[PDB]
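S.K.: Got an experimental structure here, sequence first:
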Amino acid sequence: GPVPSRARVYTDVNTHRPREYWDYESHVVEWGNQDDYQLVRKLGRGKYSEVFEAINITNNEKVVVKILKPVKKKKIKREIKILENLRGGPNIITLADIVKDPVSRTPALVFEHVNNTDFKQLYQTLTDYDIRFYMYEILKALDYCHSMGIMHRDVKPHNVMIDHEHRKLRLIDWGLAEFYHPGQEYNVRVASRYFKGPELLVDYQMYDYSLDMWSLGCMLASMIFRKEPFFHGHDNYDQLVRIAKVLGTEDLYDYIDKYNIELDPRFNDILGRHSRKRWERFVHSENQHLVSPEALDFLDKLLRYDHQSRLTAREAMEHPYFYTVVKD
Ligand SMILES: Cc1cc(O)c2c(c1)C(=O)c1cc(O)cc(O)c1C2=O
Ligand SMILES: [Cl-]
Ligand SMILES: [Cl-]
């Protein structure tokens with residue numbers, strides 16, 4: 001059957017850590033005092049949680065409270081451990097506390113306040129300079145978590161929280177994140193549709209950090225071309241067709257052939273034959289100010305079928321695209 005695959009970076013990071021670092025199931029949670037926090041306003045509800053603006057009365061400071069809808073104790077211990085492991089890293093949201101909600105009878109995670117503005121609200125009106133700035137900020141977070149043996153697996157605009165006033169950015173919702181263990185098969189039902197990598201859409205389970213680099217490419221493509229979403233499928237099948245209509249079918253077959261993967265036969269009446277399009281195709285009078293040779297070279301190196309050929313976060317940080325961005 002399928003050919004095995006392994007990350008080309010940070011391959012062995014968890015194999016060398018102590019069990020406690022990755023054996024999240026065996027994590028003993030440390031509970032604070034729910035009384036410290038007063039909920040103020042419901043901000044959002046997803047499939048797995050409700051998010052509240054709250055205040056910590058024991059210091060008067062604003063926090064964000066995420067009350068975990070019941071899902072699976074593993075997934076709850078998973079997110080908590082990952083957040084503790086990544087706490088303090090560049091541009092990672094900071095878990096401040098964990099308390100029991102008395103009404104829900106479930107864990108509530110308390111995070112340090114971020115402004116109520118996700119990236120999707122602003123990423124379509126940014127200057128060329130700011131797209132690069134904020135991409136580099138996102139890259140800091142991704143390389144950090146990948147270096148720590150963790151893939152986010154749900155990179156998308158809504159999961160990027162941005163304080164555009166203070167030019168600050170946080171990567172949030174680590175509820176789908178997982179520890180990378182070389183040779184391990186993962187669930188392909190992660191990420192939002194538009195941001196799903198081809199590996200997920202062809203049901204290839206032995207994926208890695210590079211999945212996140214595909215989603216980041218989908219965000220970049222959407223910002224520089226002002227097309228939201230860039231790959232707009234009506235379902236998971238058409239999503240791959242949408243990608244094929246840009247990257248071409250010959251490279252898709254080369255990919256699945258490399259990994260000895262067999263597409264769903266559903267694809268035969270739907271996929272057709274498509275050439276690789278040149279990126280200049282998606283440039284027009286309304287986005288040309290956001291497009292440059294460097295942008296297009298960079299995007300090209302992110303948006304590749306073969307998850308092994310994509311730029312890593314760190315390589316992405318080296319790209320000439322970021323040379324105009326002032327570094328701290
Ligand atoms: C509308 C909205 C506003 C937010 O501030 C957050 C979220 C949603 C959110 O989902 C979220 C998830 C999370 O894991 C950590 C957070 O700080 C958050 C958030 O902070
Ligand atoms: Cl999962
Ligand atoms: Cl990486």
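M.R.: Now that the structure is in, tell me what you want to look at. Numbers count the residues shown, from 1 in each chain. Ligands and ions are numbered 1, 2, ... in the order given.
S.K.: Flag every residue of this structure that's near ligand 3.
M.R.: If contacts are counted using C-beta under 5 Å from the ion, the residues of the chain sitting beside ligand 3 are 146, 209, 312-313. To be clear about C-beta, it is placed using only N, CA and C from the backbone, and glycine gets the same treatment.
S.K.: Just give me the neighbour total for the residue of the stretch 151-300 of the chain found nearest ligand 3.
M.R.: In the stretch 151-300 of the chain, the residue found nearest to ligand 3 is residue 209; the distance is 4.6 Å by C-beta to the ion. Using other C-beta atoms under 10 Å, residue 209 has 26 neighbouring residues.
S.K.: dump the residue contacts of it.
M.R.: 7, 9-10, 142, 146, 151, 180, 312-313 (C-beta atoms under 8 Å, 6 or more residues apart in numbering).
S.K.: swap in residue 200?
M.R.: Contact analysis of residue 200 by C-beta under 8 Å, 6+ apart lists 188-191, 207, 211.
S.K.: Please report how far it lies from ligand 1.
M.R.: Here the distance between residue 200 and ligand 1 works out to 21 Å (C-beta to the nearest ligand atom, to the nearest Å).
S.K.: In what element of secondary structure is that residue found?
M.R.: Residue 200 belongs to helix 198-201 when assigned by DSSP states H and E.
S.K.: Could you export that helix as CSV, CA atoms only?
M.R.: Below are the C-alpha coordinates for helix 198-201, written out as CSV (Å, rounded to 0.1, in the frame of the first residue of the first chain):
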residue,chain,number,x,y,z
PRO,A,198,-3.8,17.7,-0.7
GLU,A,199,-2.5,15.0,1.7
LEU,A,200,-5.8,15.3,3.7
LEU,A,201,-7.8,15.4,0.5
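S.K.: where along this protein do the strands fall?
M.R.: With DSSP state E, the ranges of strands along the chain come out as 37-45, 49-56, 61-68, 95-100, 107-112, 150-151, 160-163, 168-171, 178-179.
S.K.: looking at these, which is buried most?
M.R.: Comparing those by mean neighbour count (mean count of other C-beta atoms under 10 Å), strand 150-151 ranks first with a mean of 26.
S.K.: Would you map the helices across the chain?
M.R.: Across the chain, reading from the start of the chain, the helices by DSSP state H fall at 19-22, 73-86, 128-147, 198-201, 210-225, 236-247, 249-258, 293-302, 313-318.
S.K.: and those helices as JSON lines, adding distance to residue 110?
M.R.: Listed next are those as JSON lines, based on distance: least, C-beta to C-beta, whole Å:
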{"stretch": "helix 19-22", "distance to residue 110": "23"}
{"stretch": "helix 73-86", "distance to residue 110": "11"}
{"stretch": "helix 128-147", "distance to residue 110": "20"}
{"stretch": "helix 198-201", "distance to residue 110": "31"}
{"stretch": "helix 210-225", "distance to residue 110": "25"}
{"stretch": "helix 236-247", "distance to residue 110": "35"}
{"stretch": "helix 249-258", "distance to residue 110": "42"}
{"stretch": "helix 293-302", "distance to residue 110": "34"}
{"stretch": "helix 313-318", "distance to residue 110": "28"}
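S.K.: right, so of those, which gets closest to residue 47?
M.R.: Go through those one by one with C-beta to C-beta and the one that ends up closest to residue 47 is helix 73-86, at 11.6 Å.
S.K.: quick one: buried residues of that closest one?
M.R.: Neighbour-count burial for helix 73-86 flags 75-86 (criterion: 16 or more other C-beta atoms under 10 Å).
S.K.: repeat for stretch 286-297
M.R.: Buried, per 16+ other C-beta under 10 Å, within stretch 286-297: 290-292, 295-296.
S.K.: on that earlier part again, just the buried subset of the contacts of residue 200, please.
M.R.: A residue is treated as buried here by neighbour count (16+ other C-beta under 10 Å); on that basis the buried members of the contacts of residue 200 are 188, 190-191, 207, 211.
S.K.: Adding distance to residue 60, write those out as TSV.
M.R.: Supplementary listing: those in TSV, determined by distance: C-beta to C-beta, whole Å:
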residue	distance to residue 60
188	45
190	38
191	38
207	44
211	40
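S.K.: ok and the residue in the stretch 101-250 of the chain nearest ligand 3?
M.R.: residue 146 (3.9 Å).
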